[PDB]
Every structure is written in structure tokens, then in C-alpha cells.
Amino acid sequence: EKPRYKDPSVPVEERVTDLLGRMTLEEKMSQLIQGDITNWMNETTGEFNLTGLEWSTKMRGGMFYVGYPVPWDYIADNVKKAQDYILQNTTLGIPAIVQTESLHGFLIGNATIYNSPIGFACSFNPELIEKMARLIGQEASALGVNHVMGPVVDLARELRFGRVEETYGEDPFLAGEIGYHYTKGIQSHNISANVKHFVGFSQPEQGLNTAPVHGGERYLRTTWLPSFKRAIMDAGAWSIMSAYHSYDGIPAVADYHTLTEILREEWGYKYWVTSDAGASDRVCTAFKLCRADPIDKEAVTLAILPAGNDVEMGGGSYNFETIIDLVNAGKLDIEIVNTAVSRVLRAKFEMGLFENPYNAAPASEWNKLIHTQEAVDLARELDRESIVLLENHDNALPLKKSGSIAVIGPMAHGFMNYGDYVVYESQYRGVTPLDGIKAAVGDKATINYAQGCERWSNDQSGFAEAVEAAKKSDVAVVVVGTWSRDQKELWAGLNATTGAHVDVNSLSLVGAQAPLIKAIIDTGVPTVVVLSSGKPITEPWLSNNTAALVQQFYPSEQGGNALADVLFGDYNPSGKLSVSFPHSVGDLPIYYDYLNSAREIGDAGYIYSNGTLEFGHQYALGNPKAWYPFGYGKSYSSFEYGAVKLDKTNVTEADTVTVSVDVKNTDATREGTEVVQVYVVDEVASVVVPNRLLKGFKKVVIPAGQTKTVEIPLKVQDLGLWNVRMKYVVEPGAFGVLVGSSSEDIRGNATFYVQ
């Protein structure tokens, strides 16, 4: 007599079948459309509108967005009102999924802000990233959130595109490892991850946000899909978000081959796909696959729902409201609707929502769960591990805590240089470089600060003050780079050089920043430049014209403390680049995993700083090789690698090859951390393959003078290619194993053979 779907002990598929058979067609439509908390919650006052909750639950009640910059109790209270309404005032009581952003911290004011993804990928520390994700899930779940819109497992393969910072770099393997760990950390709370943006999104034409992508099926399977497969199938993500683009002319939101044939029929994915925000309308408005004005809502629904895009996100025209009419007209098979709903319900059952619909903590516990010291300490630790040392001439770094230090530049103080996907007014809280350097030295050194310039201006009126600061100091630290905006300022249109919908046609420093550096170097004071940015910057004259060069991708709220830890030697920098740096925007793309036959062609030309021209061929007056390659990063210590050893030389597809190498820290006094990287070369292939691929790594702490044996496993099944019949095969033959300190700095090699 009680419904079987309410029984926690019944197998999930039986619960899904029982619930689906009780649902009206309107109740099915409602599970597939995303609502919004502001449908019942006034964003300024927090005041409740029942009529709005009734409508939202009826028409778009399966899940709703909560990413507004409001007090914690507005979110907790109005989420509770929604879950209570569902239980008391609907027949079936299907609990809502409650969605927000988490990219590099729970998107609510005064929560912990971690460094941006492109930066924490430079840690090469997926276990530390899993701890971050567990703390983000702790913070989110405290307020009643049960779904976060991450990770991004897109690859940074088009450096003009504004969302490079949101990715884990250009490499499929590193992005897949980080996405697996991030997904696992979030879902350890029974909160759903949302792997995005499926698939092939982040190589837009011209670098423009949402522009179409040129590519074939071999590139899609070889490069784009692996990070998705690691986060979705291996970590068991409960949801996916499809993308805005077309890939070889098929919209991602309407691609049956990717969303159904690969994702379900090949991989066996069990759960649901949502569109991106207004991605449904784009089928007509951007792609012209239907009438745009007025929008053909039926045509949108008939394109995307049968393709395998189960859920329509807000931000569009709510085209799926046509489902009732389409099923009643015989234009849409009820089985397609039932499959979509089943996917959403399956995730909600497995998450535990029917047994625990509202997971918020009481108000008295929020300060014990959100912005804890454990989370702030982890923010500092992970930021510190992400900093990449690019140059260090004649032991300029680390700095002594003595004498006088100039701290110069627009990114040194006055605002926090956060990446995108932070809440409004975040930039007014956190540790700046100046704050961290002043705290580090105390009364032992004099700090001479000068802004030098505004990041958004070519005005040089601040230079004389900065030159005076440098001249009165023993060393100068100059902090410059790119900037983004928070989730109100970005969409209001305030100036930026990176972030969603902020694309660039140049990677050089903007405004007076490069001339500011030149003015300080020209004092003859040793000058340490810190790049504070969301993507590569092209200024190759910095490598040999400064005393040291440090990369800190957009910081955590502890950014200046992490930076001072490295600058003063309390931490030996250990980061390695997650993305290759070109010499110029004219040299793109620059990824390290180019196909054999790319990049290494001919001789490069050069333009001397005095204007002399030295003509070459690839290019006439420039260089297509990376300025700094994927995996690059220096240390205050030096590392010497021994002979590479394999445990097995003659293997099957079924085998694991363990790579062993002894690494010695040859420094006289300082412990350091090395990221040992393993690149695999498929020496002879039946189709053209990537020249080399990262397939393992290990980050190892090595005391001064000590030797550590580093072991890295290679699963042979993971080393295959997509052959001329579009089948995945590990072909018999030789595989080279290249071991070293970057994708170019190879210190040893070995070979094994697949039979």
C-alpha cells in the first residue's frame, strides 16, 4: 500500500520504474527544466513569494540555481522552503537538486577562495586537489546545496579564449587526473559534480567565446574525450553539462553521436546531461537550425532531447515547455521523455536525496563548516605548491629578510587579482603580495611600495615614484599581469583581460606594465618579476633581462602569503606549467602534444631589440617553438636523474609497466620538490599520433644530498590510438618512455614492446 519508490532498501532501478509510472506528463516535463531560487526569493530583501515557488515547482521543479550574492541565511532558508513545499504540497515529493558554482571555491560571500584551476593544475598534486574539493563540498552542503557546476575538464588549447583559467591546462592526462580527484572529493559528500563542457569546447574559432570548433573524430577521441571519461566514468560523476559550440558543424547540445552513441552506448554512462545556460535557444538563434524570431521552441526540443541532452538549463526560452504538446501530437515519443526523466531520478536516488532532501547544517554550525582555518591553510598550501619559478639568475631568489625591498606594480596591492567565478566584492578581501611581503619581513626589512601604473591604462605618471622606490632598495619585486572580474562586474561589462566572455587577440602585457618593468630594470636594481595572471603572457625579453621571473596564476585568498613563502625561501618552488607559453600570439597553437609532422620544421628567424632582422623560414621573423613548454618549472635545488628502469620490457594490453628512476637533490643545503614526468612515444603507428604524451608523474620531496627511487605505473591499456577504422587499439610494437623535468627536459629513456 506505500509506494515502492519511497523504500530505501529497494534497488534503485525498481525505485525509478515505480516513480516514473506514477508521474503525469507535466511532472515529467518539470524534472527536465531548471528553475531559479529568485523565482520565490527577492535577491535584495530575502522576502518569500509562495506563488513564485508554486509556479517554479510545477513548471521547472527538478532542480534550481542558487548562485546569487546574498547572505547565507537567504540561501539556506529559501532552499528549505522549496524542499518543504515539495514534501507537503506535491503528490510525489521528488526532492530538488540545488545547484551552484564551485570552480575554485563555493560561490557565496566569505567562503574559501582557492587559486584558479589553471594554477592549481601547476601543482601536479591531484591528492591535494581532492582535499580542496572535499572542503568545497563541506562548505556548499552547509547551506543546502547538493550539486556543483564543475569540474571543467576542457583543455587550454586556444590561448586567446577567456576561459583558459578555468581549465586544468592543455594536457588530457593531467586534466583527467585532476578532474577525477576533484569529482571524487565533491561526491564524497553525496553532492553531485557536473563535468563540463561536453565536448571539444575550448578551441573556438578566432578564440571567441562560443565560436565553432574545427576538428575531426580522431582528434575528439584522442585529445578531448579522455579527461571527460576519467571524471565521468572512473569517478562516477552524477551529471554532465553539454557545451555551447558546434564541433565540425554539429552543436554539442544536439550531437547524438557524442551524447548517446559514445557517452551511453560505448561508455555506459548512467545519469543525466544538462544544456549550458541558454544553449538550447542557440540551436535556432546562433546555429540557424530552426526559426529564431519567434523562437521555434518545438524544433529546439526535438533537436536536443532525443540527441541525449536530458535537461534544459535556464537562461534561454524554456523550450522544453513544449514537451506536453509534442507528446500529445505524436511528434515526440514518450519513451524519449521517460529515458531523460529516469536518468535524473536515478542520480537523485543514488545521491540519497529521497532519504535526506535537505542537507543544510543549522545556522549555529555555519562558522564551524565555512571558511574554517583548515580550509584557509589548505588554500595557502595549494597556492604555494602551484607557483612556478621560470628564471632565477645568480641566486637572486630566495630573498633575504634584511635590507630594503621595493614592491611595485598594479597587481602588488589595492585589489585581489582573483580569477572569474568569485562572488561580487571578493576582490576587497585577501592577502595581496604587499600584505604577504610586509608580514614575512616584519621589522627586519624596509618595504618601499609604489603602484607604478594602473593595469587598465598606458599612463606613465606613476613611474617616477616607482623608480624612486627601486633606487632606495636592494631588490625590487614587480607584480603585473592580467585581470578578470567577479560574477556581477564581469556581466556588467567592466574591463578585463581574461574570464568568461573576455577573449584577447594579444598575449603581451597590456597598458603601461611592460614599460614599468623596463623603467625599474634600468635603475640597475636586481628586479624580480611576478606574473599574476590567468593564462600565458608573451614577454620573452623578461627571461634574460630580469634577475628572476615567477608565475603565480590567479591567487587564492592566501595568495600573498603563498608568494612570500616562495620568495623568502620558506618553500622551495615546485610548480610546473600546466600550459605551454608561446613567444607571440602569432605562433598559436602551442600545445606540447602536437601530432608528428607539426612544429619541428625548418629554421626560425628573429628580430633583435635594436631592430636588426634575422630571416628564417618557420617563421621568417619568429619562432614556433614554445618559450616555456608544458611541464616546465625550476627549483632553488637541482635534481640529477639516474638510469630509467622498467620492471617489464615484453607486455600485453593487460599489463602495467612500472617506470623506476633514482632522483638526487644535488643542492648543498636546501630540500626541494621535483615533479618527475613520464612521456610515452608510440614509435611507429598506423595513423598520425601525438608526438609524445604525458602518461604519469610523481611529485617527490627530496632532502639536500638525498636520492629517492621514484616509481610511476603505466597501464598499457591507456597507451593506444584511434586507428583508420576509428577503433581504439594498442598496436603491437615499441613504446618509448621519456622521463624528465618538463616535456622538453628529458633526463633518461627506456623502451618496452607490446605483443
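Residue indices: 1-based, along the sequence shown.
As the entry records it, the average C-alpha temperature factor is higher for 657 to 665, out of 657 to 665 and 504 to 512. The deposited model assigns a higher average Cα B-factor to 642 to 650 than to the other stretch when 642 to 650 and 675 to 683 are compared.
Between the residues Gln203, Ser473, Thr223, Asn309, it is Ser473 that shows the highest Cα B-factor in the PDB record. The residue among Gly575, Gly236, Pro536, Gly462 whose C-alpha carries the highest B-factor in the deposited model is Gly462. Sort the modelled residues of the chain by CA B factor and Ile178 lands in the lowest third. Remark: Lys270 belongs to the middle third of its chain, ranked by C-alpha B-factor as recorded. The deposited CA B-factor of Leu259 belongs to the lowest third of values across its chain. In the deposited entry, the Cα temperature factor of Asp276 sits in the bottom third of values across the chain's modelled residues.
When the CA B factors of the chain's modelled residues are split into thirds, the value for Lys634 lands in the middle one.
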